[PDB]
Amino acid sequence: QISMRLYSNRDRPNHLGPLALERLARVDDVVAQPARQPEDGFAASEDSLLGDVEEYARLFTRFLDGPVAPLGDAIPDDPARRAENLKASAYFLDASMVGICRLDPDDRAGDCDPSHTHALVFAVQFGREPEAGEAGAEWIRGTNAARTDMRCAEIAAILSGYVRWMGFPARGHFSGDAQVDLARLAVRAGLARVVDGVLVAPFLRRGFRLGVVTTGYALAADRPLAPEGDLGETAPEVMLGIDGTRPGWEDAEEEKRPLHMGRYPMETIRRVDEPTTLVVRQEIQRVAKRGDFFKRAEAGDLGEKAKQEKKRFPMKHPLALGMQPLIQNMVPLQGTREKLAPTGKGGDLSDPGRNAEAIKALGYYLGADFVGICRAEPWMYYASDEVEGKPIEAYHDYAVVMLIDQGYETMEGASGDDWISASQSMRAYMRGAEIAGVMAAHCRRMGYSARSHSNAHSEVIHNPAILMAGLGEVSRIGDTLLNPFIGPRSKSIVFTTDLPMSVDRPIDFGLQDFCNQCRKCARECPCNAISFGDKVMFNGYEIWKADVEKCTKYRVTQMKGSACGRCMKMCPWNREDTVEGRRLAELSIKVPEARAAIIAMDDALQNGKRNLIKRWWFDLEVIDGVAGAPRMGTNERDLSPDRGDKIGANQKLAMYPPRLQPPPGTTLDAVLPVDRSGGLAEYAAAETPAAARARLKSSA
């Protein structure tokens, strides 16, 4: 596998994007000409997904406009910086290409707010589709303009919302709902040129769709592409991607592998029948959803301050606030628990092996980074809901599990617990919920009960499903599983379904041995919540149990950022997607004698250092509905020194297995103060995985 970047983007600012657009021939202006956006070649069947992407696009269309916050005193005046920040924001949300142009009076002449002076124009490339006769092609064929339009609506809704929260009027636009000429602005803003009356964008050879955010927030504008001849797309520097940009051969190489296999070579990872850590199903008790520690915080179990801050902590930054409406309003579309009758739609659904591939291909098409499938075992479901306290049924047979990468480059510039941390969480949550909502819906159209399980609302615990789906191994971080290619840098989305699918198997890439000789995450945790010691048994399975009380308290109540995820940032497996980055992961996996050295050199080379070039976001905290400079400051953490040879023996953490949780009937209306002293003792009394194995062997 040769398609990864040879060159690092460490010195590339985020506003420049993954493409070498700065190397393309440009002119000051070009003459407008009529043009339309790319469309699908083939039309979409009745047995296709089109209705579902159209529904989510309609949902997001609701947030293209909204209320404008009061203007605070903390927004940068410089339009160049403003432009950079907004381009970076759009790339962070996976715009393919971004540009900015001035609006003229023909543009405001229409329904568009006449206060609007500038447009942020972005393109999203068409998804890859399954080749003909591949599983799921008929689900997907002819849905790409609409699938891509949904993504545009989503991005335009978030970005327009972000600028409105900074105190500037702003409106998002896309094909389904636009007040301006999208194609005309794509050309002016320098993303496309016209060929035979249709837009053609350098680099985006699969076709694409547009979004726009028009606004009075003044921005430095871009220049159009030279209107004729060669733009420089194949120049040697662009082709090799010398500045850290996407290699010219990458698209072609990637199209060589089937869509259903994903971009990362997970087929090269060793599969195993039982997972790499002990799982004793007969001893796994089910947990009240009221024992989720965010619910415990919400109910008063962790004290007043945590209770107060529980709703607010991830929504302190305008960007996150821009996502909130989409996140909350997707919840009613999550789907059904009741058995459905097969509708005959969806093609040949008799091979589970092909259904698995179809579902995978579907997820990758929609933008998942990993897709894995396991049985939705009943102990993966919460025991009861936190609102009424009613039992939750194990209503579906299968879990489809997908990982959304939280973003390497952004996190590289971040402290992990600064003003962007929750935006990295919420982006990944929002994108995952959108994708799983669409896929669950499609399953329903085919007559197979399906429900997604998001941040806002899950009735399963994702972790054991990530494990059983072969998407990660247990890591020291604790309540995070670690994937061999994106490390711990993900959020999962799960949807459960009755659709028959062949299931994946657990993976073994040596992580247990690796984490046994690493402590980096533990050392770098602001509240010392991560264990420096050995794995323990906990509710019938082997785990490194973090202190979820301390972590929750820090994430919810710390005031120098918006939440925390520093532990993902500091992990050696959190690496750049270069040849060297991949080689270090391949070595970690394949060469045990090298692991200690890799661990040590991760620190010697100061990996985890904050990269000032990558800090593209504004430090803004919304207090009382108005964005301002941070009241208490901003975490700007650096690599930390060793804790000691004896820390694993001396650190005492608290654990909260079912016995110390609110029991299965309990609702948010009750308070159960966290029993920290009992949790300390519980941990001290936890059985060792060794002892457990001996114990289980004596009943064999």
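All residue numbers are counted from 1 along the displayed sequence.
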Per the record, averaged over C-alpha atoms, which has the higher B-factor: 216-224 or 595-603? 216-224
Mean C-alpha B-factor comparison - 649-657 and 48-56, higher one: 48-56
Of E524, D77, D513, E237, which one's C-alpha B factor is largest in the deposited record? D77
At the C-alpha atoms, which of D508, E309, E542, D547 reaches the highest B-factor in this entry? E309
Would you mind checking where the Cα B-factor of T552 ranks among the modelled residues of its chain, as the lowest, middle or highest third? lowest
Relative to the other modelled residues in the chain, which third contains the C-alpha temperature factor of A132: lowest, middle or highest? highest
Ranked C-alpha temperature factor of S350 among modelled chain residues, by third: highest
Which third of the chain does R257 land in by C-alpha B-factor: lowest, middle or highest? highest
Tertile call for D230 (CA temperature factor, within chain, third-based) is the highest
